[PDB]
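**Student:** This is query_15.cif, which holds mmCIF, N, CA and C atoms and all ligand atoms:
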```cif
data_coords
#
loop_
_atom_site.label_atom_id
_atom_site.label_comp_id
_atom_site.auth_asym_id
_atom_site.auth_seq_id
_atom_site.Cartn_x
_atom_site.Cartn_y
_atom_site.Cartn_z
N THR A 941 0.83 -1.20 0.00
CA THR A 941 0.00 0.00 0.00
C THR A 941 0.87 1.26 0.00
N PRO A 942 0.62 2.18 -0.93
CA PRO A 942 1.40 3.41 -0.97
C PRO A 942 0.95 4.41 0.08
N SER A 943 1.81 5.40 0.33
CA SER A 943 1.56 6.48 1.28
C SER A 943 1.30 5.95 2.68
N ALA A 944 1.83 4.77 3.00
CA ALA A 944 1.68 4.22 4.34
C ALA A 944 2.61 4.93 5.32
N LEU A 945 3.86 5.16 4.91
CA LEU A 945 4.84 5.87 5.71
C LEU A 945 4.96 7.34 5.34
N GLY A 946 3.86 7.97 4.94
CA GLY A 946 3.93 9.33 4.43
C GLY A 946 4.28 10.36 5.48
N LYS A 947 4.11 10.03 6.76
CA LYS A 947 4.36 11.01 7.81
C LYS A 947 5.84 11.36 7.92
N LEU A 948 6.70 10.35 7.99
CA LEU A 948 8.14 10.59 8.07
C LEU A 948 8.68 11.13 6.75
N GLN A 949 8.13 10.66 5.63
CA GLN A 949 8.53 11.17 4.33
C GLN A 949 8.21 12.65 4.21
N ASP A 950 7.06 13.08 4.73
CA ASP A 950 6.72 14.50 4.72
C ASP A 950 7.71 15.32 5.53
N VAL A 951 8.14 14.80 6.68
CA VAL A 951 9.10 15.53 7.51
C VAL A 951 10.43 15.67 6.79
N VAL A 952 10.94 14.57 6.23
CA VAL A 952 12.24 14.63 5.57
C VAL A 952 12.16 15.49 4.31
N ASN A 953 11.01 15.48 3.62
CA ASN A 953 10.85 16.30 2.43
C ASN A 953 10.76 17.78 2.80
N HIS A 954 10.10 18.09 3.92
CA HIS A 954 10.05 19.47 4.38
C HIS A 954 11.43 19.97 4.76
N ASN A 955 12.23 19.13 5.43
CA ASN A 955 13.59 19.53 5.77
C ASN A 955 14.42 19.76 4.51
N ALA A 956 14.34 18.83 3.55
CA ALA A 956 15.10 18.98 2.32
C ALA A 956 14.67 20.21 1.54
N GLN A 957 13.36 20.50 1.51
CA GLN A 957 12.87 21.66 0.78
C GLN A 957 13.27 22.96 1.47
N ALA A 958 13.27 22.98 2.80
CA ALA A 958 13.75 24.16 3.52
C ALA A 958 15.23 24.41 3.23
N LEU A 959 16.03 23.34 3.22
CA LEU A 959 17.45 23.50 2.90
C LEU A 959 17.64 23.97 1.46
N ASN A 960 16.85 23.43 0.53
CA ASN A 960 16.97 23.85 -0.87
C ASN A 960 16.56 25.30 -1.04
N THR A 961 15.51 25.74 -0.34
CA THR A 961 15.10 27.14 -0.42
C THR A 961 16.16 28.05 0.18
N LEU A 962 16.77 27.63 1.30
CA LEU A 962 17.81 28.44 1.92
C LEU A 962 19.03 28.56 1.02
N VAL A 963 19.37 27.48 0.31
CA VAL A 963 20.54 27.54 -0.58
C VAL A 963 20.20 28.23 -1.89
N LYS A 964 18.91 28.29 -2.26
CA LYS A 964 18.52 28.98 -3.48
C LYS A 964 18.43 30.48 -3.26
N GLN A 965 18.03 30.90 -2.06
CA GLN A 965 17.98 32.32 -1.75
C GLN A 965 19.36 32.97 -1.79
N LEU A 966 20.43 32.17 -1.75
CA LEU A 966 21.77 32.73 -1.85
C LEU A 966 22.03 33.34 -3.22
N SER A 967 21.48 32.73 -4.28
CA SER A 967 21.67 33.23 -5.63
C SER A 967 20.72 34.36 -6.00
N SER A 968 19.79 34.71 -5.12
CA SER A 968 18.84 35.78 -5.41
C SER A 968 19.47 37.13 -5.08
N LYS A 969 19.56 38.00 -6.08
CA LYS A 969 20.12 39.34 -5.90
C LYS A 969 19.01 40.26 -5.41
N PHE A 970 19.07 40.59 -4.12
CA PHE A 970 18.06 41.45 -3.51
C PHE A 970 18.32 42.91 -3.83
N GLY A 971 18.09 43.30 -5.08
CA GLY A 971 18.32 44.66 -5.51
C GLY A 971 19.75 45.00 -5.87
N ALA A 972 20.70 44.11 -5.59
CA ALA A 972 22.09 44.36 -5.91
C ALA A 972 22.37 44.04 -7.38
N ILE A 973 23.55 44.45 -7.84
CA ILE A 973 23.93 44.20 -9.23
C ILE A 973 24.28 42.74 -9.47
N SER A 974 24.66 42.01 -8.42
CA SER A 974 25.02 40.60 -8.56
C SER A 974 24.82 39.91 -7.22
N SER A 975 24.72 38.59 -7.28
CA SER A 975 24.54 37.77 -6.08
C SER A 975 25.85 37.26 -5.51
N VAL A 976 26.97 37.50 -6.18
CA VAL A 976 28.28 37.04 -5.73
C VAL A 976 29.02 38.22 -5.12
N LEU A 977 29.55 38.04 -3.91
CA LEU A 977 30.30 39.10 -3.26
C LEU A 977 31.63 39.35 -3.98
N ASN A 978 32.20 38.30 -4.58
CA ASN A 978 33.45 38.47 -5.31
C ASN A 978 33.25 39.27 -6.59
N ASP A 979 32.09 39.14 -7.23
CA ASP A 979 31.78 39.92 -8.42
C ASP A 979 31.47 41.38 -8.11
N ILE A 980 31.23 41.72 -6.85
CA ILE A 980 30.96 43.10 -6.47
C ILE A 980 32.20 43.77 -5.90
N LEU A 981 32.96 43.04 -5.08
CA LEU A 981 34.16 43.61 -4.48
C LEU A 981 35.25 43.85 -5.52
N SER A 982 35.42 42.92 -6.46
CA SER A 982 36.45 43.06 -7.48
C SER A 982 36.02 43.97 -8.63
N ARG A 983 34.80 44.50 -8.60
CA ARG A 983 34.30 45.36 -9.66
C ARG A 983 34.02 46.78 -9.20
N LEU A 984 33.51 46.96 -7.99
CA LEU A 984 33.18 48.28 -7.47
C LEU A 984 34.14 48.66 -6.35
N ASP A 985 34.30 49.97 -6.14
CA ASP A 985 35.08 50.49 -5.04
C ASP A 985 34.35 50.24 -3.72
N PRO A 986 35.08 50.18 -2.60
CA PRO A 986 34.46 49.90 -1.30
C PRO A 986 33.30 50.84 -0.99
N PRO A 987 33.46 52.17 -1.13
CA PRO A 987 32.34 53.06 -0.77
C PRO A 987 31.10 52.86 -1.63
N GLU A 988 31.24 52.30 -2.83
CA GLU A 988 30.08 52.01 -3.66
C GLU A 988 29.65 50.55 -3.57
N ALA A 989 30.58 49.64 -3.29
CA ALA A 989 30.22 48.23 -3.17
C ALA A 989 29.54 47.94 -1.84
N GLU A 990 29.78 48.79 -0.83
CA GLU A 990 29.15 48.59 0.47
C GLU A 990 27.63 48.74 0.38
N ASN B 343 40.26 57.05 -31.88
CA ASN B 343 41.07 57.81 -32.83
C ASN B 343 40.43 57.89 -34.21
N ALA B 344 39.14 57.59 -34.32
CA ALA B 344 38.46 57.67 -35.61
C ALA B 344 38.38 59.12 -36.07
N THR B 345 38.50 59.32 -37.39
CA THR B 345 38.48 60.67 -37.93
C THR B 345 37.05 61.21 -38.04
N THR B 346 36.13 60.40 -38.57
CA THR B 346 34.75 60.81 -38.79
C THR B 346 33.84 60.00 -37.87
N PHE B 347 33.13 60.69 -36.99
CA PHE B 347 32.16 60.06 -36.10
C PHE B 347 30.75 60.19 -36.67
N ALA B 348 29.86 59.33 -36.18
CA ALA B 348 28.48 59.34 -36.63
C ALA B 348 27.64 60.28 -35.78
N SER B 349 26.46 60.63 -36.30
CA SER B 349 25.55 61.51 -35.58
C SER B 349 24.90 60.76 -34.42
N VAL B 350 24.17 61.51 -33.59
CA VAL B 350 23.55 60.92 -32.41
C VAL B 350 22.32 60.10 -32.76
N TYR B 351 21.63 60.42 -33.86
CA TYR B 351 20.47 59.63 -34.26
C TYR B 351 20.87 58.34 -34.96
N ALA B 352 22.11 58.25 -35.45
CA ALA B 352 22.60 57.07 -36.15
C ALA B 352 23.97 56.68 -35.59
N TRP B 353 24.06 56.61 -34.26
CA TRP B 353 25.32 56.29 -33.60
C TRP B 353 25.84 54.93 -34.04
N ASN B 354 27.15 54.83 -34.19
CA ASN B 354 27.79 53.61 -34.64
C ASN B 354 27.74 52.54 -33.55
N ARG B 355 27.97 51.29 -33.96
CA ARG B 355 27.90 50.16 -33.04
C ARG B 355 29.02 49.17 -33.33
N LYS B 356 30.14 49.30 -32.63
CA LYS B 356 31.24 48.37 -32.80
C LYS B 356 31.25 47.34 -31.68
N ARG B 357 31.54 46.09 -32.03
CA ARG B 357 31.51 44.98 -31.09
C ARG B 357 32.94 44.54 -30.81
N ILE B 358 33.30 44.50 -29.53
CA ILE B 358 34.64 44.10 -29.10
C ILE B 358 34.57 42.67 -28.58
N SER B 359 35.40 41.80 -29.15
CA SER B 359 35.42 40.40 -28.75
C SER B 359 36.72 39.76 -29.20
N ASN B 360 37.16 38.75 -28.45
CA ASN B 360 38.36 37.97 -28.76
C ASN B 360 39.59 38.87 -28.82
N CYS B 361 39.82 39.62 -27.74
CA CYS B 361 40.96 40.51 -27.66
C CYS B 361 41.21 40.87 -26.20
N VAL B 362 42.42 41.34 -25.93
CA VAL B 362 42.80 41.76 -24.58
C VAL B 362 42.32 43.19 -24.37
N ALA B 363 41.40 43.37 -23.41
CA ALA B 363 40.79 44.68 -23.17
C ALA B 363 41.66 45.48 -22.20
N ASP B 364 42.70 46.09 -22.76
CA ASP B 364 43.60 46.96 -22.00
C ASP B 364 43.05 48.38 -22.07
N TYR B 365 42.36 48.80 -21.02
CA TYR B 365 41.74 50.12 -20.99
C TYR B 365 42.73 51.23 -20.67
N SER B 366 44.02 50.92 -20.52
CA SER B 366 45.00 51.96 -20.24
C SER B 366 45.24 52.85 -21.45
N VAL B 367 44.95 52.35 -22.65
CA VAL B 367 45.16 53.15 -23.86
C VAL B 367 44.11 54.25 -24.00
N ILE B 368 43.02 54.18 -23.23
CA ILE B 368 41.99 55.21 -23.32
C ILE B 368 42.48 56.51 -22.70
N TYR B 369 43.22 56.42 -21.59
CA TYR B 369 43.73 57.60 -20.90
C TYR B 369 44.77 58.36 -21.71
N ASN B 370 45.30 57.77 -22.79
CA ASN B 370 46.31 58.44 -23.59
C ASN B 370 45.75 59.64 -24.35
N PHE B 371 44.44 59.69 -24.58
CA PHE B 371 43.85 60.78 -25.33
C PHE B 371 43.70 62.02 -24.46
N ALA B 372 43.02 63.02 -25.02
CA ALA B 372 42.81 64.31 -24.37
C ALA B 372 42.04 64.15 -23.07
N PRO B 373 42.19 65.09 -22.12
CA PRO B 373 41.41 65.02 -20.87
C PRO B 373 39.91 64.99 -21.12
N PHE B 374 39.22 64.04 -20.49
CA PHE B 374 37.80 63.84 -20.74
C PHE B 374 36.96 64.83 -19.96
N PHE B 375 35.81 65.19 -20.54
CA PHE B 375 34.87 66.07 -19.85
C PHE B 375 34.04 65.30 -18.83
N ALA B 376 33.71 64.04 -19.13
CA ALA B 376 32.94 63.20 -18.23
C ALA B 376 33.40 61.76 -18.37
N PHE B 377 33.78 61.16 -17.24
CA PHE B 377 34.25 59.78 -17.20
C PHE B 377 33.45 59.01 -16.14
N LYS B 378 32.13 59.20 -16.16
CA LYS B 378 31.27 58.53 -15.21
C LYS B 378 31.12 57.05 -15.56
N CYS B 379 31.34 56.20 -14.56
CA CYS B 379 31.20 54.76 -14.72
C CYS B 379 30.05 54.27 -13.84
N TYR B 380 29.18 53.45 -14.43
CA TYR B 380 28.01 52.92 -13.74
C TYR B 380 28.14 51.40 -13.64
N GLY B 381 28.01 50.87 -12.43
CA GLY B 381 28.14 49.45 -12.21
C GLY B 381 29.55 48.91 -12.23
N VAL B 382 30.53 49.72 -12.65
CA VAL B 382 31.92 49.30 -12.69
C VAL B 382 32.78 50.44 -12.16
N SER B 383 33.99 50.10 -11.73
CA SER B 383 34.90 51.13 -11.26
C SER B 383 35.95 51.44 -12.33
N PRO B 384 36.23 52.72 -12.58
CA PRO B 384 37.21 53.06 -13.63
C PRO B 384 38.63 52.62 -13.31
N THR B 385 38.94 52.35 -12.04
CA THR B 385 40.28 51.92 -11.68
C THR B 385 40.50 50.44 -11.91
N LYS B 386 39.49 49.61 -11.69
CA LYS B 386 39.62 48.16 -11.80
C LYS B 386 39.05 47.60 -13.10
N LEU B 387 39.04 48.37 -14.18
CA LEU B 387 38.56 47.85 -15.45
C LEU B 387 39.55 46.88 -16.08
N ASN B 388 40.84 47.06 -15.81
CA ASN B 388 41.87 46.20 -16.38
C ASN B 388 41.88 44.80 -15.79
N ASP B 389 41.21 44.59 -14.65
CA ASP B 389 41.18 43.28 -14.01
C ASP B 389 39.88 42.53 -14.23
N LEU B 390 38.87 43.17 -14.80
CA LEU B 390 37.59 42.52 -15.01
C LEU B 390 37.59 41.73 -16.32
N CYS B 391 36.60 40.85 -16.45
CA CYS B 391 36.41 40.05 -17.65
C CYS B 391 34.96 40.16 -18.09
N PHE B 392 34.75 40.68 -19.29
CA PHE B 392 33.42 41.01 -19.78
C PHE B 392 32.97 40.00 -20.82
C1 LIG A 1001 44.72 60.24 -33.30
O1 LIG A 1001 44.71 60.42 -34.73
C2 LIG A 1001 45.59 61.46 -35.19
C3 LIG A 1001 45.40 61.56 -36.69
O2 LIG A 1001 45.83 60.37 -37.34
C4 LIG A 1001 47.03 61.16 -34.79
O3 LIG A 1001 47.87 62.23 -35.19
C5 LIG A 1001 47.12 60.95 -33.28
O4 LIG A 1001 48.44 60.55 -32.93
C6 LIG A 1001 46.13 59.89 -32.83
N1 LIG A 1001 46.17 59.73 -31.38
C7 LIG A 1001 46.46 58.58 -30.78
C8 LIG A 1001 46.46 58.60 -29.28
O5 LIG A 1001 46.72 57.56 -31.41
#
```
What do you get writing this file as structure tokens?
Ligand SMILES: *[C@@H]1O[C@H](CO)[C@@H](O)[C@H](O)[C@H]1NC(C)=O

**Tutor:**
Amino acid sequence: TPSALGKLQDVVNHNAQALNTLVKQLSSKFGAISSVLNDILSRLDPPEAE
Amino acid sequence: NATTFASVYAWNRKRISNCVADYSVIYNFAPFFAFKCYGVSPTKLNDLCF
């Protein structure tokens, strides 16, 4: 019978999805020119990259 | 160093590719009236890769 152990599967899937969302939000540029700090520090001056 | 430039309504469009972008040769010309850089720093252009 399927979905018999769905309770623990839901917990592990929620944990995996939370981790995936947390690691995906890293690539989201929140109004900045880029999502990589190395692409901003090596391109803009400190007073403008800050 | 072009002799004849195009008008503002029909501005020219040259594409730079497959070459070493040494921006130090730009400063060799006459003093510029405006050297505003947006999204990039005029000092670290020689270290970037476009
Ligand atoms: C720009 O062109 C003129 C005319 O050919 C030349 O005399 C001058 O040396 C050039 N400037 C540079 C920086 O190459």

**Student:** Taking all atoms of ligand LIG 1001 (chain A) that appear in the file, build a box with edges along x, y and z, extend it by 8 Å on every side, and state its centre and edge lengths in Å to one decimal, as AutoDock Vina command-line options.

**Tutor:**
```
--center_x 46.6 --center_y 59.9 --center_z -33.3 --size_x 19.7 --size_y 20.7 --size_z 24.1
```

**Student:** For ligand LIG 1001 (chain A), collect every residue having any atom at a distance of at most 6.5 Å from a ligand atom (counting all atoms listed in the file); output as a VMD selection string.

**Tutor:** chain B and resid 343 to 344 370 to 371

**Student:** Quick one, how far is atom CA of residue A:975 from atom CA of residue A:990?

**Tutor:**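 A separation of 13.5 Å between them.
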
**Student:** Excluding same-chain residues fewer than 3 positions from stretch 351-368 of chain B, what lies within 8 Å of it counting all atoms listed in the file, as a count of residues only?

**Tutor:** 7

**Student:** Once you count all atoms listed in the file, what closest atom pair and distance in Å to one decimal does each residue of chain B within 8 Å of chain A have, with rows by chain and rising residue number, as JSON lines?

**Tutor:**
```
{"residue": "B:381", "atom": "C", "partner": "A:983", "partner_atom": "C", "distance": 5.8}
{"residue": "B:382", "atom": "CA", "partner": "A:983", "partner_atom": "C", "distance": 4.8}
{"residue": "B:383", "atom": "N", "partner": "A:983", "partner_atom": "C", "distance": 4.2}
{"residue": "B:384", "atom": "N", "partner": "A:983", "partner_atom": "C", "distance": 7.2}
{"residue": "B:385", "atom": "N", "partner": "A:985", "partner_atom": "N", "distance": 7.9}
{"residue": "B:386", "atom": "C", "partner": "A:983", "partner_atom": "CA", "distance": 6.3}
{"residue": "B:387", "atom": "N", "partner": "A:983", "partner_atom": "CA", "distance": 7.2}
{"residue": "B:389", "atom": "C", "partner": "A:982", "partner_atom": "C", "distance": 7.0}
{"residue": "B:390", "atom": "CA", "partner": "A:982", "partner_atom": "C", "distance": 6.7}
```

**Student:** With DSSP run on the backbone, what are the helix (DSSP H, G or I) residues within chain A? I'd like them as number ranges by chain.

**Tutor:** A: 946-967, 977-981, 986-989

**Student:** For a test of reading the model, state the distance in Å between atom CA of residue B:380 and atom CA of residue A:972, rounded to one decimal.

**Tutor:**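 Computing the Euclidean distance for atom CA of residue B:380 and atom CA of residue A:972 yields 13.0 Å.
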
**Student:** Can you work out the spacing between atom N of residue A:981 and atom N of residue B:391 in Å, to one decimal?

**Tutor:**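 Value for the atom N of residue A:981-atom N of residue B:391 distance: 12.1 Å.
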